[PDB]
């Protein structure tokens, strides 16, 4: 496959809890804002029902901050071409009922190209997909996933298989 993003399924990363949030995971930038007093646990998990490969990323939300983006996992770099339309697809599920995630893509100047907004994540793996167009002249963009919804407190959200494909 040809994909714009790197390590979309976490398969390059050693299993374990991630403490180096910015650079612990190839292809991703994880971040927790200082308003999150009870920090989440980010973990690359080896599990037999990973949708892709052997690994997934697990995000255990123990608290939240002021905005959903105060807990986020961002695919970076995402290599694209001006004016091209892309398909975004990812798989997600949660440990418990009642999870919410927004899947977004934007540039380095914090212009958003598109998103799937407050998606309802269930206890079973589902695909989440949308299209977006690089409507400016950027070639290296980012794909922030927002986890910091109050509804997620006490839950673990799993993601796998991010693929951003030239449509």
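Numbering follows the first chain given and starts at 1.
In this entry, 44-52 shows the higher mean Cα temperature factor of the pair 44-52 and 128-136. Per the PDB record, of the two stretches 14-22 and 146-154, 14-22 carries the greater mean B-factor over its C-alpha atoms. Sorting 33, 27, 63, 114 by the CA temperature factor given in the entry leaves 114 at the top.
By the numbers in the PDB entry, the CA B factor is greatest at 38 among 123, 38, 119, 104. Sort the chain's modelled residues by C-alpha temperature factor and residue 3 lands in the middle third, per the entry. Compared with the other modelled residues of the chain, the Cα B-factor recorded for residue 109 ranks in the highest third. Ranked by C-alpha B-factor against the other modelled residues of its chain, residue 75 falls in the lowest third. Ranked by Cα temperature factor within the chain, residue 167 sits in the highest third according to the deposited record.
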